[PDB]
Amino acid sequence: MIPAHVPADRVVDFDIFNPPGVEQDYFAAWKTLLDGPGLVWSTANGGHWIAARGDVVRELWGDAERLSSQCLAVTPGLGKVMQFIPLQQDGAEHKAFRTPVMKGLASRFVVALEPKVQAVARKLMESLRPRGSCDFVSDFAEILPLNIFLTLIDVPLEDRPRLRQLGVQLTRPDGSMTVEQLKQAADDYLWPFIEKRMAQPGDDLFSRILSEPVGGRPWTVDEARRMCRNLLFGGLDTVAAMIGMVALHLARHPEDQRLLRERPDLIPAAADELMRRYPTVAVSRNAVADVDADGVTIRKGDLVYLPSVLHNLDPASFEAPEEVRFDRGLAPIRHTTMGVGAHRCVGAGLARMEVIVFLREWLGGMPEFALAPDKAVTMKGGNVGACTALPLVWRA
C-alpha cells in the first residue's frame, strides 16, 4: 500500500542496499534512477523517498532545518544507538558541537599532518610492492584508513601493532554483531585514548578537539564518546572506498598512470577530479516539516535518501560527468561528495590530502599496475559503496 501524498507514477522498488548491477558497477546501478522521475518513493526497507536528480539531491541535502539528520539511516534503531556527534545533530546543538570539531581539523593541521600521513601510506605500499599482485581492497584500502587514524591521534609507536589488530575487527564487515555491540566495541576501543587525552591533552586530533569548549561549557564524557566514535567511523569506510575507487581508476586507465608519473605536479588536481568522479556516499534524513520538491510534498515523518552520485554524475547538473577532465575549474564544495551545507564533511580538507599522498606514494614508488586477467572486480551497495574485491598485478 502506498501513502496518499505519493503519486503512483513515482513508485519504485529500488533497494538501496542492492541496486541491481551494484556488484558489477556501483554507479551505473544508481544511474538508472536518472531515466525516472526526480523524486521517487521506494517500497523497500519500510517505505521511503530517494532523491533521483541532482537539483533534488542537492537542494534537499542542504535543507538541514526541515530534514533532520537524526534517523542516521533507514534501518530502524541504528540512529538511536550510534548517536554520532556532530553527524546526527540539528540546529544550534549541531552548530555548537561542529565549531570545535571543525577547528580540530583546520588547514594548518591537515597540512602539518602531511609528512606523517604520507610515510604511513608509503610504509604500506612498500609492504606490498615485492609481491607483484594484491587484493587491493583487503590488503590496502581497508588497512590505510585505520593506520592514519592511529597517526591522527598520535598513539606511541610500540602500541601501533597491538592497536591495529584490536581495531581490525570493526573496520568493519556488516556482519552478525548488533548495532549495539558494534558501538560498544568501538567505545571500548576508543575509551583508553580518550582518558589519556582529556587528562593530559597533547597536540593530536582528539586532544585538540577535547580541549575546546562546546558553546562555552566543557565537553561531557559521553559527548566525547559520541564525537570520537564519529571521527573514527567517519574516517574508515569512506576513505577506503575512495582510495579503492582511485586505485580502480588507475588500473583501468594506464594512460593516467603515465600522465601522473610524468607530471606529478598534476596530482592535486587529479585527486579533486577523481573524488568528484567516484562518489559513493549516501545519507538519510527524516522530515520534521513538510517539504515541497520536484512538484510534490514530503510529509513530516517521511524518510529521505540522498545518493551523492545522482548529483555529481547527473549529466543534467554537470557536463560529461563521467569524463575525468582538467578544465572544469570546479571548487570541490560545488559537488556533493563530502556532502553539502551545514553537514559537509569536517574531514574534506584531510580526505583530499589523504588521497593526494596516496597518489604521490602509489604512483612514485609503484611500477605500472593493471587489473588481473582472471579475477573480477566487484562492488557492494549500502550507504558507503565500494569495491569488495580489486585484484591488481604488476612486475615486482
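Each residue number is its position in the shown sequence, starting from 1.
Taking the PDB entry as given, 160-168 carries the higher mean Cα B factor of the two stretches 92-100 and 160-168. 333-341 and 32-40 differ in mean CA B-factor, and the higher of the two is recorded for 32-40. For the set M242, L87, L313, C71, the PDB entry puts the maximum C-alpha B factor at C71. Of the candidates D290, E223, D272, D204, the one whose C-alpha carries the top B factor in the deposited record is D204. The deposited CA B-factor of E322 belongs to the lowest third of values across its chain.
Looking at the C-alpha B-factors along this chain, the one for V355 belongs to the middle third. Residue-level temperature factors show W362 in the middle third of its chain, judged at the C-alpha atom. In the deposited entry, the Cα temperature factor of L371 sits in the top third of values across the chain's modelled residues.
In the deposited entry, the Cα temperature factor of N147 sits in the middle third of values across the chain's modelled residues.
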